[PDB]
Structure formats: structure tokens, C-alpha cells
Ligand SMILES: Nc1nc2c(ncn2[C@@H]2O[C@H](COP(=O)(O)OP(=O)(O)NP(=O)(O)O)[C@@H](O)[C@H]2O)c(=O)[nH]1
Ligand SMILES: Nc1nc2c(ncn2[C@@H]2O[C@H](COP(=O)(O)OP(=O)(O)NP(=O)(O)O)[C@@H](O)[C@H]2O)c(=O)[nH]1
Ligand SMILES: Nc1nc2c(ncn2[C@@H]2O[C@H](COP(=O)(O)OP(=O)(O)NP(=O)(O)O)[C@@H](O)[C@H]2O)c(=O)[nH]1
Ligand SMILES: Nc1nc2c(ncn2[C@@H]2O[C@H](COP(=O)(O)OP(=O)(O)O)[C@@H](O)[C@H]2O)c(=O)[nH]1
Ligand SMILES: Nc1nc2c(ncn2[C@@H]2O[C@H](COP(=O)(O)OP(=O)(O)O)[C@@H](O)[C@H]2O)c(=O)[nH]1
Ligand SMILES: [Mg+2]
Ligand SMILES: [Mg+2]
Ligand SMILES: [Mg+2]
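Protein chains in written order, with the entry's author numbering: chain M, 3 to 21, 28 to 267, 272 to 348; chain A, 168 to 457; chain B, 168 to 457; chain C, 168 to 457; chain D, 174 to 457; chain E, 173 to 457.
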């Protein structure tokens, strides 16, 4: 039951969210890593300054501040006890984005399995934000912020905060928390991997164009033009260049970590993607199977039904730059 | 006032409108909860004339709620004169007073966009009287602004209250506590896959095949909306009134007319809905065009 | 007044302009969403003269929403008189009375920067009434501060409303989807591609290569803007207003003039746009200069 | 007033000043952005007398914005005269009436620390009007608190606006991109490596070797600040003012004087800019002294 | 200059900076006599022990520009514009230019300083003092009527270093203010001489400095979480011994549980053992 | 009075040593500790005359504001008048009598924003700054003819409770000006046992009950985060109902277990009924 070294996982998450030295931290487990980013990440913001969004406030005060609302004043007779119903703009850091940070930190402190120094620093910051109000967090809170007015930097830590909240489980005690065993589940790990590549390829493969391509079946049915019954088919990624087009389907399987029979069931999807897809340019059509392995990388080529297909692997756990080196080498060969 | 005049044009099933009539006679405090463009405001005017059986304006009164609406205007309150402060009977107070004269005849009050204002601020004390069981002079109360305890106000049993609420905003996830107890929610469906919606188009010189292809897409589209729960629930789904409008001249339905509606209404809405995924906009927006 | 006079200087295609009137005349309330500098304010004053067919200001009204507009201000509110308060009819109520003075001649109300104000709070009762179908005496409604003697306000049929929401500020966007159905949203592009834009420069002593050079770079840059959606969406792409102005004195358009624009206004805007790596600034700044 | 009278003690190059006056005559609205301590406030009052050409303060108005400033204070709003409230012509409103009386003479409004106050809320109606091509009666607008549509406010052409916005705080920035367009943004540099700054020092009986050593020190440090744009942009870099004032007594600028100021002002400043690195604090501090 | 426990050099540094710069910030932990320093110092600069000239206030988060400078507030009849203290105070010194009038602001960090000061955040600068730099205030009815700091005014700011708020950092205000740190001063003989001039044991006073410094160094040990700004002040020892009770180890035992222990709790949060250790170490 | 109080005499002596010097104090403890009854007896103790008139008590809440506490404008029959609050009225009464100590009780202080209520005055209540020297004109004091100063005689007591886990860290404002004291429930103390043996309680019934409560109060404080030392149960429930005229008995205790402790225990844990049922039954036997 072998798994990836935890430090390497953080890099793929970064590309997934689209935005460093982790040698310093000694806690191998993820939450130690993840908290150190957040705990330090907030500190980066505070140096420049946290977001202050003007919240208009309509309240009853003993005097004129901003704009008086004449109606509520007369109806409540607040003139008599020397008060007005007035609208004015207090400037707070109490916005939803910043509130999430402090509320997120509470769970971070409450986590049972955590480095003490990390918990020490976090508890300091928790105190350092008195004005902001604690909250009981839900995904809908993160949902409201998908508008993304905030800076590019804020969206990073919030993406971190989203990962923590969804991957937080109460542990030994009712109050305390315990981290999810993220690596063990394949689906989210695979869904990470599928998303990891799509954003990664845009960065490095500037030469090529990277798109996820929706496809329509070549079928026609006398029954229905809709073909709703047919499976929805959307490529994981397509990486088109003028000389050659190329589709990749990548998934995380547990069997493959064992070096025997091979689990390539996803391949069955691939041919039908090649088939229904028709290029006007007619430059070429290629496919790739790429999986994560631990020890070593092996690359093969295939010529099956008029299609050029590759099976390849990467030895995650080696080193991130050499891993980064390997991927650029990989796509270059097949793309050519 | 025949039902046939009222109900023929309507897209909603005869099942739901009749069920609506049941709870309305039973409880008299109703909320119609659905997204915009399904005729929530459209039906509500018809139901009043249905139940009364006549087209009479006096017995029916309509309002739209907003943040500024308050007790002092709704029920009773003081309006300044040149210097002095004069009390004024509000609408709902005056409305029941008319209804008191004719207890036999049904009287209706229509409240659009009720969630926008908190009911407690406006109704307040009257939420005691408003409930279906605690109506009539037996439960009479003197008002906050009554000069003396002697004068009292009771909601006569004759009045029925209708509330139109739209499930399009994130704030409404925390539905107000006041409404749930005193009002009975009813859902209004979008109603694409209905004969009468189809029959409306067919009468207006529409190809039958063109209609059914459209409905499958919208029903397919709304299915995608409803599947999400975090950002867009089932209540966010599209109504059936974008397509109703614009055919009054007689211009025949076609993909050409559809494209104007799509580009000018539904695509930027989808940009608003599907901000994070431009491709999902491209996926659906182009899907309709085909 | 006629289209040729209006569209003489406008850089917008004819396509949208008729499409605008297609949506407007049926729907009567519209919104134009585009980045700043595409003539949103510019066309809107001109469009009013088309529908009336005349260059008249009297039937037209223009205002801007500044995040302190209120229902007391727009429609009906209380203002202090010398010692004591009075009720004052707001601007729209004052406007509508003139509009219904003669139904034949169309009346236009223009709201710049409409997105800012909390429109549900401001309009209140009007949010239902503005719609094309729900106009006239049939849908007459009593206002909040209306007199106890029943006096009702209905949106006249002749009235047309136009809204102008810039697409830069994401937060300041319509999330009241019930309200977004009343309006129809018309995307407006930057206006670079058009020859009518190009003709303006050549008429003002411009080289076609330098002209065609300019148009080539911006559209590529707007793609770089349009490529992202996380921070800089499609709407952020740059308008053409910067280049329009400053040439009346006789300064011919050249790299000297272009260089002044680039360093002075756009390049500061760019560093705020990206604010992650200057190289992205250094690249695109130099590209324009080359 | 005359140009050279101002330039004698001014550290900024004349080209920028010429660039400033070139835009300002055109755009009529500008924003000067730089770190604190570079004479934004210093130049601005001088610049007004240049642009008018006459040292008349009556035509000049200077204010500092802050959080507790609103449209009611700035432009117009209802405020208590006494027992009875009145509509109060705001400060900018009053200034504009003065400018109308003398259209020929330029009138200038100077806003320090502009970025603090919520500008969208403050300007509002002005946000459209202030543009150089939209000034005049043709674009006259009725205000929020205007009695009727006829009461309208238009900015005159003569008006010039000068805005001062520090670059130290990323929290408070003019992210409102629409507003960014109205103002023409002029960056300003600390200007250590200028003869005019050095000539002032040498005029104050200063060692030429010490001067050039000093200028080299900060110039390198400022570039170090500009390097790590992710954490700290060039906008954070140190100004020249710390060194400017304090020699009025006649004290010669010895190293001891410099050693004192660094301990009192710059030392903690470095600590905050570099919270994590103590070595970097000691490194740069010691580098200046040695 | 006699009973002060702080070095003569720093106050001499302060006096020159204050006279020249005209604004200063004294930043240090609570209990170092920031108030008494400024209060003593204000009397020095004036040259007379005059309290009417000197005014002291304690900001708090809700304190506002309405209170400080100008504001609309109710009289018996109705609402009026009420000149806040600083406007009233500057007007008072404006009557008498020659003498030096002083305004002391405690717990400055808590409030949103930009909001409170507002307009004067520019005017307060030493060079920009006079009618030439006058501006009309926010609530000023007419533009012509303005407010300007006079040259005599000097402002002193007392700042607690124990509540860092990662909400607003302003480096522009730091330009106006010349920052001066204050150490507790246990090592200083002048603090020690007070106790030896109160019939203290020579070892007991000397032993205390060893005890606190070991604690103080630990507080300043971890620069990231804490600093010298957090370390303990001395003033707790000043009070409570003028009754006539000379120092003794029993007296020390009272203060530690009474006063210092909550401070430790705050700093050494969720670490009872370290509190027990360092607390008991002082007892030894 | 000394014997009637159930806490150690040592703490009672300690407080007077604290309050007399510090002049500002706050008592933080579980509910049902007799915080109100404690302070009054302590207040009367300091003066020595047992005068309730000298003492004035206030209970804070979030709505409570400066207008109620100090000064504000209230409607007249026509128009409005300046209306003196409690504390402004209170101290001026004490100003006449400098020698006489006057006490002020602020219950549930932590709920409200101290700044909003006090306003200006929060610095003047710090012991060092008292008397004529530290005079300040008030916000609503239109004239400068008269200034308000809290005199030295004043002592201020604050009743705070550590009952609620919802409570976050105390406001910084409090910590500076207030000396925090934690009060034990006082079950172990002899004075509480002598109040039950005076009612003919069995020493076995007494010792078992002292043993019974101590184990729970230890257990509730065993929890690190959710339930601290502040949560643990107080003795006030045992007082009321014995000296009224009804003798102690297991059924009388059994009634009290159902009365308050059984619902109180549920709220604290709020997770496991068996954990409550175990302890609730354990109390019975
Ligand atoms: N002909 C016809 N029109 C319908 C039908 N249902 C709705 N409409 C039309 O849809 C338009 C708006 O209906 P409406 O009740 O206002 O929707 P709403 O729920 O009130 N909108 P909102 O939620 O935004 O307030 C009207 O033209 C209405 O007549 C229908 O069944 N038949
Ligand atoms: N001559 C001419 N000028 C145009 C054209 N389009 C835009 N402009 C000019 O660009 C400038 C600004 O136009 P404007 O309507 O205010 O754009 P806006 O979207 O309203 N601005 P904002 O979004 O900031 O409110 C004006 O000089 C305007 O005349 C055009 O087609 N022809
Ligand atoms: N003598 C002289 N002083 C200058 C010159 N330039 C700037 N200064 C000085 O630097 C100080 C501040 O000027 P100021 O405009 O307020 O700087 P600022 O950037 O606006 N500061 P802030 O942004 O914080 O308001 C004054 O002492 C000013 O005279 C100069 O060229 N000559
Ligand atoms: N003699 C003498 N007394 C001091 C010294 N520092 C503080 N005190 C006294 O300590 C008491 C409290 O000072 P305080 O201002 O409240 O502490 P701070 O505000 O936190 O700095 C007053 O009597 C001060 O005068 C000092 O250095 N020397
Ligand atoms: N006789 C006597 N009664 C006490 C003692 N301690 C508390 N009480 C009683 O307990 C009750 C007050 O408890 P308290 O905790 O203040 O109530 P709470 O404020 O609601 O929490 C009164 O009946 C007090 O007289 C005591 O030591 N002696
Ligand atoms: Mg409706
Ligand atoms: Mg515009
Ligand atoms: Mg300045």
C-alpha cells in the first residue's frame, strides 16, 4: 500500500488552482505542509495589507454620519431622543473572504494531528484578528466568492482553505479535528491528476494550444436526435498543434503502482474519442495514455487501427524539477 | 368568471392550480415559490377572480415588497403634516375594513417579492392575527399605535393572502423563519414539457418538431442546473416566459428568433451562473444554436 | 433626425444598433454591458433621438446611480420643508407623469452606472411594473408613501428604459436574477475591428499601416485578457475611447502620441491588471511601442 | 507666478512636469502615484500656480479625503442648519460655481490621500461628468437631491482636478477601473539620483563625496525593493523627504546626522518591509553606515 | 529627571527629535511608564508644571473623527456642529502661540488612525503648519473657513506593542511620526537605586534584574511570534511600595500571581508547563 | 458574614488586598457561584457599614449604551432634555463624601462593548488617573464650565462568567484596567459543610455529596477545549431550599439533580445522552 511522498502532492495542487522551499518544515504529513503555507501565506498578505471592503451600515446613532434616512427617523421618532437613522460606510476587514481565514484557522488549531510549532503560530494569528467574526463554514460561503473580485493572491489561500474544509473530519474528540486520508482515495486523486495536467500544459507548452474538447457521437438514431441516452463524452485534455493533434487521458489506478496484469480500462474510452473527432485540417491524429508510477518511467508506442497511441509513466517521488523535466521530454517526443 | 377563460392560456397543470385552490380555501395564507418567468404573478391575479367568481377590482389588492416597506405604512403609522404628525390607516388595515363589510365575499391581498423585506418588521404584531386559526374578532388586539386599548383589529376569516417569492438568490438559502410557519409553500414548475406551452406555440404558426427539440434542451439544461447544490439549485432554473414574449406581432417562431433571445438573455445569464467555466458557457450556448 | 446623422461618427456596427431597437421596442427595458470606452454613454444620448425621431431633451432624462440613490429619491420620499417634513414625488414619478401626458411620443430614461446601486432597494414597487406586459392601468399599484385615498402608479407603455453596466467591477454585478429578466443585456465590443473606426483615423491624417498596426495589437492583447477568466475576464478588454480623443488640435496619430498614451494611462492600468510579474507588463508595453 | 520660481527647489525633472502639464491641459484630471515623502503635496500647490500662471489661492481648493467623507459632504446633501434641515451646497459644488463666474481663469481642486475614501460613493454623479469631452451644459445632469429635473449640474471646462494617491498600501488602491480611465496616472520616482537634490545639499555646505555615496546607497536599496515585486513593488520604495527637512537650523550634513535618522525612522521601516529576514535588516542598515 | 528609570540619553534624544520633528511615537510594552514619561516630558518642554496646556486621551476602536475634530451632535434644542477637542485644543494654543501646548494619545494602535485624524494627517507635519496649508474641514459649511495646525503644537503618541493587528499597516503615517522604542529598564541603576533608597536588599534588587532579564530574553528570543515589544514592563514594581512596606521576597510572591501570571498566559498560550516553570523560576 | 460565604477566607482577604490598591476588579467564574451575593457582602465588608445606598448595581447587555450609563438626551413632554445616567449620577453622590467608599457593580460585563458604553471615561477609571487633575469635558457637555472626574473613593466590581464555550478571548480593553480573579465552586470548603450540618445533614450524606460533586467538576474540567475549569458546577443550587424550612435529604438532592444540573449537563456536553445519563444516574446513586 505505497503512496506518493506528501511534499510532491502540493505542487500538482498548485497547478490545479493556477496560483518555494518546503525543505524547512519537518512534518511529512500533508496538513503540516498545508498549514505552513496558509500560516505563512496570510503573513505575506498582511505585509502588503489585507482587503478592506466598505460595508455600508444603516444604524441608529446620536447624530449625523453620512446620509440620514428621513423616513425611519420620523417613523421611529428618533429625533426626540436625539438620534437619527443614518447610512454611513464603516471600513472593516470583516468581509466574507477574510472571515473564512480566521474560521478556517480555528479548525486548523483544533486539528488533533499537527505540528506544535505550527499550532503555536496559528494561535497567535487567531488572536491577532480580533475584529473579524468567527463562522461555521460551508461550501456555499466559498461559492459566493466565485466572482473573485479579490486579488490573485487571495484566491490562492482560499483555494487552500477550501481543500482543508472539505478534507476535515472530527477525530478523537467532538471539538478536535483529524485530517482526511486524501491520498488513499483514487477518485479525487485522479480528478486532481486530470485537472493537474490541463492547467500545467498551458504554462509550459506555450508552443502548443491546450483545450478540453467536447465531442458529439458520429451516431444517428431514428429514435432521437438528442442521443441523451448516449454517454456524455468530454475529453480530459486535447493539446493541438498545427503539425499534429494529440489527446491525453490520464487517471490514477491503484493496481499500476504494483509493477503483472495492467489496469488500462480507461483506454476503452480513448478510441471512441478518436473516432467521433474529425479534423478539418487533417494534419494527424494521436493519442496518449499516461499514468503515475513510483519507481520508474517506461514509454511505449502503438499503431492500432490507424491511430498512433502511447503508454507512458512518471516516477513520482523522484524530484519535482526532474519530474518537470520528464514531462516536457515526454510531450515533446510524442507530439513530434 | 369561467375557469376556461382563466386556465386555457395557462401552462401550469390543472393538478397544481387545483391543489393551490385547496390550501387557499383551507389555510388562506399561501406562498408560491419559483424562479422568475413561470407566471407566478400571472396566475395570482387570475386565482382571485376564480375564487370570487367575478372580475371585480375592489375585492383584490396588490403590492410588491421591498426593503423600505414598513409597519408604519403597511398597517398604521404617522405621516407628518406641515408641522403635526397625523395617524393614517394603512392599506392592509383599510383593506380588511372593506372586507369586514362583506364577510361572505372573498377578499384577496397579493404580495409580490415578499422575501425582500422581513415580514416581522412590517406585519409584526399582526402575525398573531394573520395565521389561519387565530382569525376573527375572538382574537382581536389593540394596535401598537392605537390611542386606547378599546379599538382593536382582527383579520376577518374572509381575507386570503398570497405571496410570490423567487428562488434565485443565495441569501434565500436561509429561508425566513416567519414565512415557513404561517405560509404554506407551493412550487411552480418551469413547465417546458407541457402540452399547453407547446400548444401556445403551435397556434402561433410554429413547427411541431422545432418546439420539441427546444424543450428537450431546456429540460436538459435545467437538469444540469438542478444537479448542482452549492451554487445553483433546482430553484435557479429557467422560467417559461422568455419565449412567450415577442410573438405578439405574429412573427413566426424559428431559430432566428431564438438566437436573439439566447444571445440577449440566456448567454450572459449563463456567464453569470457559470463564471468559473467559460467552456461550459460555450458548451451550452452553442448547443442551443445547433 | 435620422440614423445616418447618428451613425455618421459612431464606431459601432449597424448590426447591433438595429438589434438594439429589435429588443427594445418589444421589451422596453434593456441593458448595455461593455468595458469603459466603447461609447456606452455616447450612444445612449443619441439613441433617444431615434425612437422619438427628434432631437428633443424634454422627453429624455439621464441620471447616474451612485450607491446612495434611494427609493425616497427615485420615486417617492420625504424631504424637510422649512420646519417640518413634506412628501415629495421623486424624479421617475415626475418623469412618468410627463410621459403619460401624451402616450404617442416615446419617453426615454437613462441610468448610467446602474450596476452600483442596490436596484431592488431603489426601485421597490417598480421592479414588477417596468415590464412591457405589466404596463397601463390594468397593473396599477399603490405606493408605500401613497395617500390613503387610493392613488396608483403604473409604468406607461410609451416609456423606454436603458441601463449601462460596465463589465470591469465584478462585485458590482446584477445578482438579482429576478430583476435581470426585466432587462435584456446587449454586449458591446471594444470597437477596434470596425473600418468605421479605421476611417476616422485615416481621415485625421493617419497611415493605414500604423492604423492597421494598432488594430492588430489590441485584439491580440484583448485575447490575452480574454484568455483568462479567473481575474481578468472577457469584459475587461480595453475600449477605444483613449485613442479617440486628444487629436482635435491637429496632432497626427503617431508613435509619439501612441507612446504618450501607453506609458501614461494604459501601462499603469496594465500593471494593476497583472500585478504578478512585471515581465508581462514589459512584454505587452513594448509590443505596443514596436 | 513663474515656472522657474517653482523649479529652483524641485527635485523632479522638468520633463515629467512638462509631461504633467501636457496631459493635464488635455485630460483635465490626473492622479500622481508614488510612495510617501516625494512631494506630491509639495508640487501640487505649486503646479496650480503654474497652470493658472498666477499665484492666486482663491481659485485653488485643497482637501484631504478619508473614510468619513461622503456625497452629502462633498457635493450636495441634506444637513441640519438648526431646528430645520437644509440642502447644503457641498465644497466641490461651491467651487464649480466660482469657476463658472470666470470661465477664462483655470480653477483647481486638490485632493490628497484620494485612495482612502470610497470614491465611487463620493463622486457619483461627477464620475461621469468630469471627463474632458463630457463637460459643459450639454451633458447637464439632475442631481440626487435636486428639486426637479430642471435643476441640473454640469462641470465647467476650466476645472482641473489633481489627485494624490500613495502606492504604499495595496489594500487601498483605485481598483475601480472605470474610475481609473477618468484619471491620467503619472508615476513619480524618489529622485535621489538628481543633480537638483544634490545641489541643494551642497548649497547646505555638504561634502560632495558624502552626497554621491548617499545617493548610490538609496538607489541600490530602492532597486532591491523594486526587485521583489511579488512582495513589495517599486511603489513601496523610500522617498527623499526624510533627508530633505531637518537641516534648516544650519547643521552640516555629516555622517552622524545620517546615522541618527536611520536609527529613528528607516530602521523599523526595514523591519516591517522585511519581517522574516533579520540578516537583511542588519545587512542593509549596516551597508548605509559602512 | 530624578525619579525616571529611563536613560538620560534617550530623553535627550527625544527632546531634540520632538522639538525638530514635532511629532513622536513612544512604543513599548505596557507598564514602562509611557504616560509618566510623556507627562513628565510635557512639563519639561513647557518649562512649567502646567496641566491645562497638556491634554491626554485614550483612543479606542469606536473613537471617531466625529469626536476628535468636528461633528454634528445634539444640543438641547437640536443638532449642531460641535467642535471636537483637537480643534478646540488647537484653537486654545492658537490664542497663545508662544507657549508649547501638548496633546497625548494613548492606545493609538487600536483605532483606525487614518479615519480618526482624517484631514490633519497631512496638516500635522512640521513644515506644513500655517494658514498657507490650511484646508476646509469635511463638515465645514464654507470652503473659506479652514483649520491649520500652529507651529507650537507638539503631539506625542503612546503605543502598546502587545496587540499587533494584521489589518492595517500604514507606512505614510510612519513618515510623519519619528518612532522611539522604550525598554523596561531593569538593568538601569536608577530603577535599582529607587529600591535601595527604599531599604531593599542589595542582592534582592540585583537578583530581580537577573530574574526578569532571563524571562525578557526568552520573550525577545522568538522574533517571529513575539519580540522585545512584548517583554515585561517595570511599573508594577513602582506602585504599592510607597505605603511603607519595604521590599521582600514575600512581596515578590504577591505580584507574580497577582499581575504577571495573566500576561504569561496571554503570551505562553496553551503551554501551562512553561508558565509554571518561568513563574516558579522567579520565585526561586 | 465571613462564615456565611462558602469560598476560602484566603481569597476573600486576597481580594481586599487587590481591590483597595487596584480599584478595578473582575470576578470570573461558573454560574451558580453566588457572584452577586458575594460582591454585596464583599462590598458591605469594605465600607464596614452595610449600606446598600452606597452600592449601586448594573447588568450589562448588548443594547446597553452610553446614554443609559452616563448621559444622554431623552424626550421631554415637548422637545428633549439632557438626562444624567447612573454613573454620572452615582459618583457625584460619592463626590460629596470623599472618605466614604462607594461601590459600583457591573454584571455580565463581557457581553457588551465596554468602549461604546463608557466612551471617554474608560481611561479615567484606571486608578492612577483619578481626581481633579484628570478632568475631561464630556461629549454632550456643551460647555467647558464643568468637567467629570471619578474620585478615588470609587471601587468598581465586574461580574463575568466563564460558562459559555461560545465566548472567545476577552477584549484587550478589559485586561489592562481589570485584575482577573477566578472563584472556585467552594464545595470542599468547611463553611459550606457547616451550612449543611447546621441543617442536620448527615456527615456521610455531606461527605458523599462533596465527593460526588468533586468527581464531576474534575471531569468537566478534564476536557481541554470544550469544557474548561470555568464550566464546572457551582454551589448556589444547594443553598436555596434548605434553610427555607425543609431538611436535607437524598430526594431533595434528587429533585435538584433533575432541576438544573441534569439540563445544565446536557448543554455543556450536548453530544452523548449516555454520558449524561451515566452522570445523572451516578449523582442519584
Ligand atoms: N400566455 C401565457 N403567458 C404566460 C404564462 N405564464 C407566464 N406567462 C407570461 O410570463 C410573463 C411574466 O409572468 P410573471 O408572473 O410575471 O413571472 P414572475 O414570477 O412574476 N416573474 P418574477 O419572478 O420575476 O416576478 C407574463 O407575460 C406572463 O403572462 C402562460 O402560461 N401563458
Ligand atoms: N467620435 C466617436 N467617439 C466615440 C465613439 N465611441 C466612443 N467614443 C468616445 O469615447 C469617449 C467615451 O465614451 P463613453 O460613452 O463615455 O464610454 P462609456 O462606456 O460610457 N464610459 P464608461 O464605461 O466609463 O462609463 C467619448 O469621447 C466618446 O465620444 C464613436 O463611435 N465615435
Ligand atoms: N525643500 C524641498 N522639499 C521637498 C521637495 N520635494 C518634497 N519635499 C518635502 O517632502 C515633504 C512631503 O511632501 P509631500 O508632498 O507631502 O510628500 P507626500 O508624498 O505627499 N507624502 P504623503 O504621500 O505621505 O502625503 C515636505 O517636507 C516637502 O517639502 C523638494 O523638492 N524640495
Ligand atoms: N519613578 C518612576 N516611576 C515610574 C517610572 N515609570 C513608571 N512609573 C510609575 O508607574 C506608574 C504607572 O505608569 P503607567 O503610565 O500607568 O504605565 P504605562 O502607561 O504602561 O507606561 C506611575 O506612578 C508611573 O509614574 C519610572 O521610570 N520612574
Ligand atoms: N447564604 C448564602 N447564600 C449563598 C452563598 N453563596 C451563594 N448563595 C446564594 O446563591 C444565590 C445567588 O447565586 P448566583 O450564582 O449569584 O446566581 P446567578 O447570578 O444567576 O448565577 C442566592 O440564593 C445566594 O444567597 C453563600 O455563601 N451563603
Ligand atoms: Mg413577478
Ligand atoms: Mg460612460
Ligand atoms: Mg504628502
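Ideal Cβ positions, reconstructed from N, Cα and C, are used throughout, including at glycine.
*What whole-angstrom Cβ distance do residue 278 (chain E) and residue 257 (chain E) have, given they're in contact under 8 Å?*
By one-based count along the sixth chain, residue 278 (chain E) stands at place 106. By one-based count along the sixth chain, residue 257 (chain E) stands at place 85. Between residue 257 (chain E) and residue 278 (chain E) the Cβ distance is about 13 Å, and since that is not below 8 Å, they are no contact.
*Under 7 Å between C-beta atoms, does residue 338 (chain C) make it to chain B?*
Here residue 338 (chain C) refers to the residue found at position 171 of the fourth chain. No - not a single Cβ of chain B is within 7 Å of the one on residue 338 (chain C).
*Is any heavy atom in ligand 3 found nearer than 6 Å to the beta carbon of residue 177 (chain C)?*
Counting from one through the fourth chain, the residue named residue 177 (chain C) turns up at place 10. Within the cutoff, so yes.
*Same chain only: Cβ atoms within 8 Å of residue 360 (chain D), ignoring 5 sequence neighbours per side*: Counting from 1 along the fifth chain, the entry for residue 360 (chain D) is found at position 187. Correct list, in chain order: 382 and 386.
_residue 297 (chain D) and residue 198 (chain D) closer than 7 Å at C-beta_ = Along the fifth chain, one-based indexing puts residue 297 (chain D) at 124. Along the fifth chain, one-based indexing puts residue 198 (chain D) at 25. Contact: no.
*Do residue 352 (chain A) and ligand 1 come close, with the Cβ less than 6 Å from some heavy atom?*
If you number the second chain from 1, residue 352 (chain A) lands on position 185. For ligand 1, not one heavy atom lies less than 6 Å from the Cβ of residue 352 (chain A).
_Expected contact under 8 Å - CB spacing of residue 101 (chain M) and residue 60 (chain M) to nearest Å_ = By one-based count along the first chain, residue 101 (chain M) stands at place 93. By one-based count along the first chain, residue 60 (chain M) stands at place 52. Going by Cβ atoms, the distance from residue 101 (chain M) to residue 60 (chain M) rounds to 6 Å, so yes, they are a contact pair.
_If we define contact as Cβ-Cβ less than 7 Å, is residue 332 (chain E) a contact residue for chain D?_
Locating residue 332 (chain E) in the sixth chain gives position 160, where the first residue counts as 1. Taking Cβ atoms only, chain D never reaches closer than 7 Å to residue 332 (chain E), which makes this a no.
*Report the three-state DSSP secondary structure of residue 189 (chain A) (helix, strand or coil).*
Locating residue 189 (chain A) in the second chain gives position 22, counting from the first residue. Note: residue 189 (chain A) maps to helix in three-state DSSP.
*Give the residues of chain D in contact with residue 240 (chain C), contact being defined as C-beta atoms less than 8 Å apart.*
Here the question's residue 240 (chain C) lines up with position 73 in the fourth chain. What residue 240 (chain C) touches in chain D: 311 and 312.
*Using a beta-carbon distance below 7 Å, is residue 273 (chain E) in contact with chain D?*
Translated into positions along the sixth chain, residue 273 (chain E) becomes position 101. Not an interface residue.
_Among the candidates M:260, M:282 and M:110, whose CA atom is the shortest distance from the CA of residue 241 (chain M)?_
Reading the first chain from its first residue, position 233 is the one you call residue 241 (chain M). Among M:260, M:282 and M:110, the Cα nearest to that of residue 241 (chain M) belongs to M:282.
_First and last residue of the uninterrupted alpha helix (DSSP H) at residue 288 (chain M)_ = Residue mapping note: residue 288 (chain M) aligns to position 276 of the first chain, counting from 1. That run of the alpha helix (DSSP H) goes 279-288.
*Compute the minimum distance between the beta carbon of residue 207 (chain E) and the heavy atoms of ligand 5, and state whether it is under 6 Å.*
Locating residue 207 (chain E) in the sixth chain gives position 35, where the first residue counts as 1. Yes, the beta carbon of residue 207 (chain E) sits closer than 6 Å to at least one heavy atom of ligand 5.
_Give me the DSSP bridge partner(s) of residue 323 (chain M)._
Position 311 of the first chain, counted from the start, is the residue given in the question as residue 323 (chain M). Per DSSP, M:301 and M:312.
*Name the DSSP beta bridge partners of residue 242 (chain M), please?*
The residue labelled residue 242 (chain M) in the question sits at position 234 within the first chain. Residue 242 (chain M) pairs with M:222.
_Cβ contact check for the stretch 279-298 of chain D and the stretch 352-359 of chain D: 3 or more pairs under 8 Å_ = no
_Inter-residue spacing [alpha-carbon to alpha-carbon] between residue 379 (chain D) and residue 413 (chain D)_ = The count along the fifth chain starts at 1 and reaches residue 379 (chain D) at position 206. The count along the fifth chain starts at 1 and reaches residue 413 (chain D) at position 240. Rounded to whole angstroms, residue 379 (chain D) to residue 413 (chain D) spans 20 Å at the Cα level.
*Cβ-heavy atom distance between residue 295 (chain B) and ligand 6 below 6 Å?*
Your numbering for residue 295 (chain B) matches position 128 in the third chain. For ligand 6, at least one heavy atom lies less than 6 Å from the Cβ of residue 295 (chain B).
*Is residue 172 (chain C) near ligand 3, with its Cβ less than 6 Å from a heavy atom?*
Reading the fourth chain from its first residue, position 5 is the one you call residue 172 (chain C). Residue 172 (chain C) Cβ: outside cutoff for every heavy atom of ligand 3.
*Inspect the CB distances between the stretch 63-71 of chain M and the stretch 86-96 of chain M and report whether three or more fall short of 8 Å.*
yes
*How would you label residue 291 (chain M), buried or exposed, when you count the other beta carbons within 10 angstroms and need 16 or more for buried?*
Here residue 291 (chain M) refers to the residue found at position 279 of the first chain. It is exposed - the Cβ of residue 291 (chain M) has fewer than 16 other Cβ atoms within 10 Å.
*Can you say whether residue 225 (chain M) is buried or exposed, counting buried as having 16 or more other CB atoms within 10 angstroms of its CB?*
Looking up residue 225 (chain M) in the first chain gives position 217. So residue 225 (chain M) ends up on the exposed side.
*Classification of residue 368 (chain C) by the beta-carbon crowding that lies within 10 angstroms, buried from 16 upward*: Sequence index remark: in the fourth chain, residue 368 (chain C) carries index 201 (1-based). When all chains shown are included, residue 368 (chain C) counts as buried.
*With a cut-off of 8 Å on the beta carbons, I'd call residue 172 (chain C) and residue 228 (chain B) a contact; round off their distance for me.*
Translated into the one-based positions of the fourth chain, residue 172 (chain C) becomes position 5. Translated into the one-based positions of the third chain, residue 228 (chain B) becomes position 61. Going by Cβ atoms, the distance from residue 172 (chain C) to residue 228 (chain B) rounds to 49 Å, so no, they are not a contact pair.
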